[PDB]
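Read through the structure below, which is laid out as structure tokens, and then see the notes.
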Amino acid sequence: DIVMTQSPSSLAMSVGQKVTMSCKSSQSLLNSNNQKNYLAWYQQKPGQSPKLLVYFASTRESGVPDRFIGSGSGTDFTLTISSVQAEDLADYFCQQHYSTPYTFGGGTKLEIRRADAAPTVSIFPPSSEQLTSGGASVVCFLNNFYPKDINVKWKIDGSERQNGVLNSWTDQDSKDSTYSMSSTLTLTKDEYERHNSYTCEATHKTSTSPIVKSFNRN
Amino acid sequence: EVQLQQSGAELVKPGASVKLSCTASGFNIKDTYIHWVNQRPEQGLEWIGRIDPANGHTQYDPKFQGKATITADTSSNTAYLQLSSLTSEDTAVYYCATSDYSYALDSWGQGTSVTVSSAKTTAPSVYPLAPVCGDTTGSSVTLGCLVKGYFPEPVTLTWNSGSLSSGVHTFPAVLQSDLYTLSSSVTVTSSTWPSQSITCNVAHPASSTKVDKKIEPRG
Amino acid sequence: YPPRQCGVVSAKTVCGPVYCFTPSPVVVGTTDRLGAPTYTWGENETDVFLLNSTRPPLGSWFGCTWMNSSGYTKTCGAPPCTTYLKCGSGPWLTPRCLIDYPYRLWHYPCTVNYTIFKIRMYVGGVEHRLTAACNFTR
Ligand SMILES: *[C@@H]1O[C@H](CO)[C@@H](O[C@@H]2O[C@H](CO)[C@@H](O)[C@H](O)[C@H]2NC(C)=O)[C@H](O)[C@H]1NC(C)=O
């Protein structure tokens, strides 16, 4: 089997920067009758299926923007993004389509750098339908922030609670390059109704004081 | 590109078999090679094999020889991938793809999630999340939708079918105690909601669909 | 080469399907008087094939191929002059290569031993997946 090796594992570029990623095959991919190197580059955006960016080492697939440039020959190939865009956020895979089994590289991760952005925080008490079935989830959405690191604290009646908290970060946003995060604190209905004030506090380098979102059951 | 449409996600017991389909639209499947590729969670791509449907001619990665069988029906413009004696390692997304003579995969389907487990399907509870009771009126309003207690992955979540896409953040599933839970938020201008309805649509490819969860202001 | 540009072919001089070539092979249906008011109809005729077309970038098909009522292969296509997009006039992409279709072997029996392979072609923003049959004669 032809071993394809990519480098580096990940890249972090801001919009407009030029970037290059490398792929190397264990064996030449050249057809002498064609003078063509059977190497292809695929792009996979978060949550999406791969799309063919380049084939034959340098032939851009129709519809792909000019900023994508494939080059190389023999066993050494490169993919260049002459001006990285926000929508170029993706994993990139090389693949020899020379001989079977067709084999892929491990991929190169392209993340995007941007200016700092403060999170917009919204808090949601348990729905009536969830309370009817004996559970109670309090949800905190912290949307459109950068950089990715953020700390969330849950306060019940002004006292920090640890158990029952589940967090999840999105992938980077493909348009403004921000992150979003969701924090869910799940209780029994009885635990929930035995307290009044529920608070979700965000610590982010975008401010020296935590952004606080709270509600009282009244 | 050309249009490939793959069948829905599946749960398979260990040691059982699965058969996924891939239907072509807008072209004759006899004029392309159909390849099958897999991708394990947070991993890379792996070629399984390919068929020429004009004559049924198949090639495979020999490590899949026997375990995988690729077939094709040009009557219904559909290719098929059957996998036998599945293990937990085989849990993955399976893509179908088209190629011409070059064998470069120029178009890919959306993928079919296959989960190998002895546990069995649990449809999720879907909860609408309206803003806090008596919140101040801003220029924008954020609504939520909580999909809790399902297995296996994935669920497909949309807002007002496909028409509300900007302002949506769907958060990746988190596994707590053998079940998955995810959430989704949508932000619109205040003059949009609740003057016109906003509805959370959740499908769990174990043949469950709850659109019923319209977002209603709290009382 | 194609003998002449595509015109109106009354249905009964045709035996079998009329294949026209947008890059992807297509079968053309007939048309009655309500669909061709300017054609000088005869009381013998009821249905005709309207094969008039410029090149598919702006027209419908590069050319068409069918069989005479007497059993003779007839073809029509655009006037002779991105290989085939400016000078195509039927199923022939090049002098050695034609587009495969279920009736290629009857219309063109001399192409029995041509090698076939799958290609793709973009025309007017639409992708066409084709099979091509090729190679020489002495
Ligand atoms: C379609 O093509 C046919 C060719 O058979 C055209 O018919 C001829 O048109 C010319 C010019 O009007 C006449 O001088 C001929 O007498 C017609 N008949 C023949 C047999 O040549 C027809 O006009 C075309 N129609 C359109 C809409 O372009």
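FYI the Cβ positions are ideal-geometry reconstructions off the backbone, even for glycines, and counts take in every protein chain you see. The values are calculated or read from the model by the stated rules, or taken from the named source; nothing here is a laboratory result.
Just a few scattered comments:
- Condition met for B:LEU157 (touching a strand residue (DSSP E or B) at 6+ places or on another chain (Cβ under 9 Å), buried (at least 16 other Cβ atoms within 10 Å of the Cβ) and part of a loop (DSSP other than H, G, I, E, B)): no
- Residue match in region B:206-215 (condition: surrounded by 14 or more Cβ atoms within 10 Å (Cβ to Cβ) and of a type in the set (D, E, K, R)): yes
- Test: A:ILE112 is crowded, with 19+ Cβ neighbours inside 10 Å and closer than 30 Å to B:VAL37 by Cα: yes
- Qualifying residue in region C:37-49 (condition: more than 30 Å from C:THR83 (Cβ to Cβ), within 12 Å of the ligand (Cβ to nearest atom), in contact with a strand residue (DSSP E or B) (Cβ under 6 Å, 6 or more places away or on another chain) and not polar (S, T, N, Q)): yes
- Test: C:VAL14 is in contact with a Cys (Cβ under 7 Å, 6 or more places away or on another chain) and either away from chain B (no Cβ under 14 Å) or away from the ligand (no atom under 12 Å from the Cβ) (or both): no
- With respect to the conditions (1) surrounded by fewer than 16 Cβ atoms within 10 Å (Cβ to Cβ); (2) away from every other protein chain (no Cβ under 14 Å), C:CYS20 falls short on a single one, namely (1).
- Filtered by the rule that a residue be more than 28 Å from A:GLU111 (Cβ to Cβ) and within 14 Å of another protein chain (Cβ to nearest Cβ), region A:7-29 gives a lone residue, A:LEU29.
- Single match in A:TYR179, A:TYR192, A:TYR146 (criterion: over 30 Å from the mean Cα position of the chain (by Cα), among the hydroxyl-bearing types (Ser, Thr, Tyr) and surrounded by 20 or more Cβ atoms within 10 Å (Cβ to Cβ)): A:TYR192
- Selection of region C:50-92 for residues being within 14 Å of the ligand (Cβ to nearest atom), assigned to a loop (DSSP other than H, G, I, E, B) and closer than 16 Å to C:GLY7 by Cα yields C:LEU51, C:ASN52, C:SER53, C:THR54, C:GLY59, C:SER60, C:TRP61, C:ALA78, C:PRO79.
- Failed condition for C:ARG4, given (1) surrounded by 12 or more Cβ atoms within 10 Å (Cβ to Cβ); (2) within 12 Å of the ligand (Cβ to nearest atom); (3) among the basic types (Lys, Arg): (1)
- Just one of (1) in a loop (DSSP other than H, G, I, E, B); (2) within 20 Å of the chain's Cα centre (by Cα); (3) not assigned by CATH to the domain that holds A:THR80 fails for A:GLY106. It is (3).
- Across region A:199-218, the qualifying residues are those that are within 13 Å of chain B (Cβ to nearest Cβ) and not in a loop (DSSP other than H, G, I, E, B), and the one among them that is nearest to B:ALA173 (Cα to Cα) is A:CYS200.
- Residues (away from every other protein chain (no Cβ under 11 Å), part of a loop (DSSP other than H, G, I, E, B) and surrounded by fewer than 13 Cβ atoms within 10 Å (Cβ to Cβ)) located in region C:101-123: C:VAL112, C:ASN113
- Evaluated against (1) among the β-branched types (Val, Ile, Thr); (2) more than 8 Å from chain B (Cβ to nearest Cβ); (3) within 30 Å of B:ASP212 (Cα to Cα), A:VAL139 falls short on exactly one condition, (2).
- Residues that are within 15 Å of the ligand (Cβ to nearest atom), within 12 Å of the chain's Cα centre (by Cα) and not in a loop (DSSP other than H, G, I, E, B), drawn from region C:17-36: C:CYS20
- Conditions (1) surrounded by fewer than 21 Cβ atoms within 10 Å (Cβ to Cβ); (2) under 17 Å from C:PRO17 (Cβ atoms): number failed by C:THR83: (2)
- Restricting B:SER183, B:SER207, B:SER177, B:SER197 to those that are on the phi > 0 side of the Ramachandran plot, in the same structural domain as B:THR137 (by CATH) and not aliphatic (A, V, I, L, M) reduces the list to B:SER207.
- For region B:162-183, the criterion of being away from chain A (no Cβ under 11 Å) and in a strand (DSSP E or B) is met by none of the residues.
Per-residue answers, yes or no, for (1) under 16 Å from A:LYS213 (Cα atoms); (2) within 13 Å of chain B (Cβ to nearest Cβ); (3) of a type outside the set (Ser, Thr, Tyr):
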site	(1), (2), (3)
A:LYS148	no, no, yes
A:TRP154	yes, no, yes
A:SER159	yes, no, no
A:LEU166	no, yes, yes
A:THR170	no, yes, no
A:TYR179	no, yes, no
A:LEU185	yes, yes, yes
A:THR188	no, no, no
A:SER197	yes, yes, no
